[PDB]
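Colleague: File name query-v8.pdb; file contents PDB, C-alpha atoms; full text below.
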```
ATOM      1  CA  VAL A 156      52.906  54.081  38.897  1.00  0.00           C
ATOM      2  CA  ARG A 157      50.501  51.165  38.457  1.00  0.00           C
ATOM      3  CA  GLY A 158      53.429  48.752  38.457  1.00  0.00           C
ATOM      4  CA  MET A 159      53.586  46.750  35.243  1.00  0.00           C
ATOM      5  CA  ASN A 160      55.120  43.270  35.100  1.00  0.00           C
ATOM      6  CA  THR A 161      57.892  44.473  32.778  1.00  0.00           C
ATOM      7  CA  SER A 162      58.663  47.614  34.809  1.00  0.00           C
ATOM      8  CA  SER A 163      62.265  47.563  36.078  1.00  0.00           C
ATOM      9  CA  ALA A 164      61.491  48.779  39.602  1.00  0.00           C
ATOM     10  CA  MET A 165      58.797  46.185  40.298  1.00  0.00           C
ATOM     11  CA  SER A 166      60.836  43.309  38.854  1.00  0.00           C
ATOM     12  CA  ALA A 167      64.075  44.246  40.611  1.00  0.00           C
ATOM     13  CA  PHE A 168      62.517  44.372  44.072  1.00  0.00           C
ATOM     14  CA  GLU A 169      60.856  40.978  43.657  1.00  0.00           C
ATOM     15  CA  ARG A 170      63.998  39.281  42.338  1.00  0.00           C
ATOM     16  CA  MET A 171      66.164  40.799  45.065  1.00  0.00           C
ATOM     17  CA  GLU A 172      63.725  39.880  47.828  1.00  0.00           C
ATOM     18  CA  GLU A 173      63.518  36.191  46.930  1.00  0.00           C
ATOM     19  CA  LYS A 174      67.293  35.735  46.811  1.00  0.00           C
ATOM     20  CA  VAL A 175      67.888  37.796  49.952  1.00  0.00           C
ATOM     21  CA  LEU A 176      65.205  36.085  52.031  1.00  0.00           C
ATOM     22  CA  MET A 177      66.403  32.573  51.220  1.00  0.00           C
ATOM     23  CA  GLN A 178      70.043  33.367  51.984  1.00  0.00           C
ATOM     24  CA  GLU A 179      69.308  35.109  55.283  1.00  0.00           C
ATOM     25  CA  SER A 180      66.980  32.371  56.515  1.00  0.00           C
ATOM     26  CA  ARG A 181      69.380  29.575  55.583  1.00  0.00           C
ATOM     27  CA  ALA A 182      72.379  31.138  57.325  1.00  0.00           C
ATOM     28  CA  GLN A 183      70.453  31.697  60.555  1.00  0.00           C
ATOM     29  CA  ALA A 184      69.037  28.165  60.503  1.00  0.00           C
ATOM     30  CA  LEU A 185      72.451  26.565  59.997  1.00  0.00           C
ATOM     31  CA  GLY A 186      73.882  28.484  62.945  1.00  0.00           C
ATOM     32  CA  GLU A 187      70.993  27.419  65.163  1.00  0.00           C
ATOM     33  CA  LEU A 188      71.566  23.710  64.510  1.00  0.00           C
ATOM     34  CA  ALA A 189      75.132  23.900  65.846  1.00  0.00           C
ATOM     35  CA  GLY A 190      73.843  25.641  68.975  1.00  0.00           C
ATOM     36  CA  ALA A 191      71.142  23.008  69.416  1.00  0.00           C
ATOM     37  CA  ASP A 192      73.655  20.169  69.804  1.00  0.00           C
ATOM     38  CA  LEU A 193      74.384  19.194  73.442  1.00  0.00           C
ATOM     39  CA  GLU A 194      78.180  19.189  73.104  1.00  0.00           C
ATOM     40  CA  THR A 195      78.240  22.868  72.132  1.00  0.00           C
ATOM     41  CA  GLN A 196      76.131  23.734  75.186  1.00  0.00           C
ATOM     42  CA  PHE A 197      78.478  21.731  77.415  1.00  0.00           C
ATOM     43  CA  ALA A 198      81.487  23.638  76.073  1.00  0.00           C
ATOM     44  CA  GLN A 199      79.940  26.961  77.102  1.00  0.00           C
ATOM     45  CA  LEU A 200      79.448  25.637  80.636  1.00  0.00           C
ATOM     46  CA  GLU A 201      83.042  24.387  80.629  1.00  0.00           C
ATOM     47  CA  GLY A 202      84.248  27.788  79.452  1.00  0.00           C
ATOM     48  CA  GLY A 203      82.479  29.476  82.348  1.00  0.00           C
ATOM     49  CA  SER A 204      84.089  27.013  84.734  1.00  0.00           C
ATOM     50  CA  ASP A 205      87.443  27.540  83.012  1.00  0.00           C
ATOM     51  CA  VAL A 206      87.568  31.349  83.255  1.00  0.00           C
ATOM     52  CA  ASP A 207      86.924  31.561  87.022  1.00  0.00           C
TER      53      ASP A 207
ATOM     54  CA  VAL B 156      29.414  71.851   1.137  1.00  0.00           C
ATOM     55  CA  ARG B 157      27.367  68.644   1.231  1.00  0.00           C
ATOM     56  CA  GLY B 158      30.356  66.782   2.643  1.00  0.00           C
ATOM     57  CA  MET B 159      31.395  63.910   0.399  1.00  0.00           C
ATOM     58  CA  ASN B 160      33.133  60.808   1.758  1.00  0.00           C
ATOM     59  CA  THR B 161      36.297  61.585  -0.219  1.00  0.00           C
ATOM     60  CA  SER B 162      36.367  65.282   0.739  1.00  0.00           C
ATOM     61  CA  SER B 163      39.561  66.130   2.653  1.00  0.00           C
ATOM     62  CA  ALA B 164      37.899  68.278   5.322  1.00  0.00           C
ATOM     63  CA  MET B 165      35.283  65.691   6.293  1.00  0.00           C
ATOM     64  CA  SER B 166      37.781  62.816   6.354  1.00  0.00           C
ATOM     65  CA  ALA B 167      40.447  64.696   8.309  1.00  0.00           C
ATOM     66  CA  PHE B 168      38.108  65.691  11.129  1.00  0.00           C
ATOM     67  CA  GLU B 169      36.807  62.146  11.560  1.00  0.00           C
ATOM     68  CA  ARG B 170      40.271  60.569  11.561  1.00  0.00           C
ATOM     69  CA  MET B 171      41.630  63.152  13.992  1.00  0.00           C
ATOM     70  CA  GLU B 172      38.666  62.826  16.347  1.00  0.00           C
ATOM     71  CA  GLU B 173      38.909  59.051  16.729  1.00  0.00           C
ATOM     72  CA  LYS B 174      42.625  59.104  17.539  1.00  0.00           C
ATOM     73  CA  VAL B 175      42.329  62.112  19.849  1.00  0.00           C
ATOM     74  CA  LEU B 176      39.341  60.792  21.792  1.00  0.00           C
ATOM     75  CA  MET B 177      40.913  57.404  22.481  1.00  0.00           C
ATOM     76  CA  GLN B 178      44.211  58.891  23.652  1.00  0.00           C
ATOM     77  CA  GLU B 179      42.608  61.467  25.944  1.00  0.00           C
ATOM     78  CA  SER B 180      40.229  58.965  27.530  1.00  0.00           C
ATOM     79  CA  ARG B 181      42.951  56.375  28.108  1.00  0.00           C
ATOM     80  CA  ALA B 182      45.348  58.806  29.788  1.00  0.00           C
ATOM     81  CA  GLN B 183      42.680  60.084  32.176  1.00  0.00           C
ATOM     82  CA  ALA B 184      41.539  56.558  33.035  1.00  0.00           C
ATOM     83  CA  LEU B 185      45.068  55.365  33.806  1.00  0.00           C
ATOM     84  CA  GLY B 186      45.637  58.294  36.155  1.00  0.00           C
ATOM     85  CA  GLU B 187      42.376  57.596  37.967  1.00  0.00           C
ATOM     86  CA  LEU B 188      43.318  53.987  38.739  1.00  0.00           C
ATOM     87  CA  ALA B 189      46.446  55.077  40.627  1.00  0.00           C
ATOM     88  CA  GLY B 190      44.346  57.521  42.650  1.00  0.00           C
ATOM     89  CA  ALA B 191      41.786  54.818  43.397  1.00  0.00           C
ATOM     90  CA  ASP B 192      44.308  52.620  45.225  1.00  0.00           C
ATOM     91  CA  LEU B 193      44.211  52.955  49.046  1.00  0.00           C
ATOM     92  CA  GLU B 194      47.973  53.364  49.509  1.00  0.00           C
ATOM     93  CA  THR B 195      48.032  56.519  47.382  1.00  0.00           C
ATOM     94  CA  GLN B 196      45.210  58.006  49.466  1.00  0.00           C
ATOM     95  CA  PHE B 197      47.081  57.152  52.668  1.00  0.00           C
ATOM     96  CA  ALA B 198      50.196  58.933  51.401  1.00  0.00           C
ATOM     97  CA  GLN B 199      48.246  62.165  50.906  1.00  0.00           C
ATOM     98  CA  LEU B 200      47.014  61.969  54.502  1.00  0.00           C
ATOM     99  CA  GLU B 201      50.577  61.288  55.649  1.00  0.00           C
ATOM    100  CA  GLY B 202      51.814  64.275  53.661  1.00  0.00           C
ATOM    101  CA  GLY B 203      49.307  66.531  55.391  1.00  0.00           C
ATOM    102  CA  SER B 204      50.455  65.192  58.744  1.00  0.00           C
ATOM    103  CA  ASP B 205      54.082  65.605  57.664  1.00  0.00           C
ATOM    104  CA  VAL B 206      53.908  69.275  56.623  1.00  0.00           C
ATOM    105  CA  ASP B 207      52.378  70.574  59.882  1.00  0.00           C
TER     106      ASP B 207
END
```
Any chance you could give the structure as structure tokens?
Modeller:
Amino acid sequence: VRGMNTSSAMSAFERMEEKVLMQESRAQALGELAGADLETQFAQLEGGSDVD
Amino acid sequence: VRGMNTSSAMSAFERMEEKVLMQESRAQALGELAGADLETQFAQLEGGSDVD
């Protein structure tokens, strides 16, 4: 109940959180960089022009 | 009757008392610490709100 260092529940949550947070943040950041580039933005505009 | 150091009755009571007192005090103290934490208190309030 107190939450000892060696307790399985306390340790598991901490280990899982660190790995999960890093992976989620990295994936989102990588995707954003591609979007940031001007050429990608231009393609979207071209696509809009292309469909009509 | 006087209660010698080597007498079984005198020795047994003293040995039993020291072990028993320490165990009882420690268990009660550990329980109290969990109660002391704010989150536990909040849960009780939430439970009261939840049942109604």
Colleague: One decimal, in Å: what's the spacing between atom CA of residue 192 of chain A and atom CA of residue 177 of chain A?
Modeller: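 Interatomic distance, atom CA of residue 192 of chain A to atom CA of residue 177 of chain A: 23.5 Å.
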Colleague: Give the answer as one residue: which of B:207, B:193, B:186, B:200 has the shortest atom-to-atom distance to chain A, using all atoms listed in the file?
Modeller: B:186
Colleague: Specify as a list in words each residue included when the PyMOL selection byres ((chain B) within 12 of (chain A)) is applied to this file.
Modeller: residues 184, 185, 186, 187, 188, 189, 190, 191, 192, 194 and 195 of chain B
Colleague: So how far away is atom CA of residue 161 of chain B from atom CA of residue 173 of chain B, in Å?
Modeller: 17.3 Å
Colleague: For the atom pair atom CA of residue 196 of chain A and atom CA of residue 183 of chain A, what is the interatomic distance in Å to one decimal place?
Modeller: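 Going from atom CA of residue 196 of chain A over to atom CA of residue 183 of chain A covers 17.6 Å.
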